[PDB]
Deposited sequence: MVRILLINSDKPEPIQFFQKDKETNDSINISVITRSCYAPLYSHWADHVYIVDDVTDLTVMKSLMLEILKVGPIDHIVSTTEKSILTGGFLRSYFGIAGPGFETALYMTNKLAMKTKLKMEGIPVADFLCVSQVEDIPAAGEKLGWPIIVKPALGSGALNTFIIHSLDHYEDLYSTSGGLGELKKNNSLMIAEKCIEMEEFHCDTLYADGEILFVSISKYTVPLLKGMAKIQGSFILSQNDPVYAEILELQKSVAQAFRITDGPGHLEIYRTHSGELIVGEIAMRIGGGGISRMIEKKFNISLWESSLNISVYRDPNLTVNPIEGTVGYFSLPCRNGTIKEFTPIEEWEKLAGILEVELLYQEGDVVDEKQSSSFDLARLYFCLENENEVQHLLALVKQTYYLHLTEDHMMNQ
């Protein structure tokens, strides 16, 4: 019997994969670790469902894992959420299960451990400070200069990232409730650096047995990005940087998302890496360009199966644009017909409909050259509107 431990939230992709897998294979046993609000998503098909409110708590996870092992051993641990990456790596190493280990997972979660390893190896990285207190921000803000970026060392700073321009900006974020979000609680590690933004790139990879099965290098542009060519001058430089990070972090199997920055000097520094599949349109941008399924392939790797990576690339420069979505009662936005009129657009993906209480949509395109992209951005930027 193949016992698989799945640590997922509400992401439908791994749910559909293992649900369809159980239907076609009697040997498949699915154990699920998820939140209480996600339990009905697994209750009717999964063999075992364990409810956990906080997956980050390694102590509770170890205790739970022991109880799970009593039912039977685990052959594979599948971590499809960001909060489960470090936990997944911890469980694999501690209980002798094949897959990405703790330290490898630690480098793709803890920015402090990530930046520390890269600086020791020779991989160029932006400076940083360890921040244990919001009261240490003025001290940190003066050491490298204002303004600053303050974000949690673990995970990504979704609603926990703040830009502080001055001391009196901080002291009023300190005074307002809650101007510093959950950071004021001082229960989590933080990292801080001066807001340095230039040209940004991102490299999305798929590893197996230490080798790259697939790699796509794109460039960020309302936001968006577009996939670069292998013949692009910067492609070779980013790819070798990907090689360096992979060797340093000992990457062997799984997905990867590495963000690269280019200084005005032209130096390439490493921003952040993750064991995730590219968020938003990135996953779907790749699927249109190469006609391969990142989810289907990576999940096959996670359970030690042969991934069906048959790369059939379409010609031209493929990318996507995302449209911001403000909270409230959606009254009217740009019609689908108005987008599809624009030449080069492949698909328009709405996330909301007319008359909803709340990206709003994603525009996937296919152009022949990169010059058009900055032109297309202007037209999209032009005809987009959201009234609520």
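In sequence order, the deposited residues that have no C-alpha coordinates form the ranges 222-230, 368-375, 406-413.
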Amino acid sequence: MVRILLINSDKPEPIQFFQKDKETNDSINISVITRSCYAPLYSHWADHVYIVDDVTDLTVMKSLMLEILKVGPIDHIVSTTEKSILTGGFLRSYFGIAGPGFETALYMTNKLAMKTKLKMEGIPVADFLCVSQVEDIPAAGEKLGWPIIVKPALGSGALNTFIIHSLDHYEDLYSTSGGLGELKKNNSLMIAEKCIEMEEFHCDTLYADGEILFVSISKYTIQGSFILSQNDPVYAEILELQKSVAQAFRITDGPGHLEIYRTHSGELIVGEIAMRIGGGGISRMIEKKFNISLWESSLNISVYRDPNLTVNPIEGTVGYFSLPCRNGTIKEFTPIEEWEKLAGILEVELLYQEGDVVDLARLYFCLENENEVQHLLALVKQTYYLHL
From here on, numbers count along this sequence of modelled residues.
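In this crystal structure, the stretch out of 331-339 and 40-48 whose C-alpha atoms carry the higher mean B factor is 331-339.
For the pair 364-372 and 12-20, the mean B factor over Cα atoms is greater in 364-372. Highest CA B-factor among 238, 189, 106, 159, as stated in the entry: 159. Note on the listed residues 225, 93, 310, 230: the highest Cα temperature factor in the record is that of 310.
Ranked within its chain, residue 345 lands in the highest third, by CA B factor from the PDB record. Sorting the modelled residues of the chain by their CA temperature factor places residue 163 in the highest third. The deposited CA B-factor of residue 123 belongs to the middle third of values across its chain.
Residue-level temperature factors show residue 137 in the highest third of its chain, judged at the C-alpha atom. Ranked against the other modelled residues of its chain, the C-alpha B-factor of residue 57 as given in the entry falls in the lowest third.
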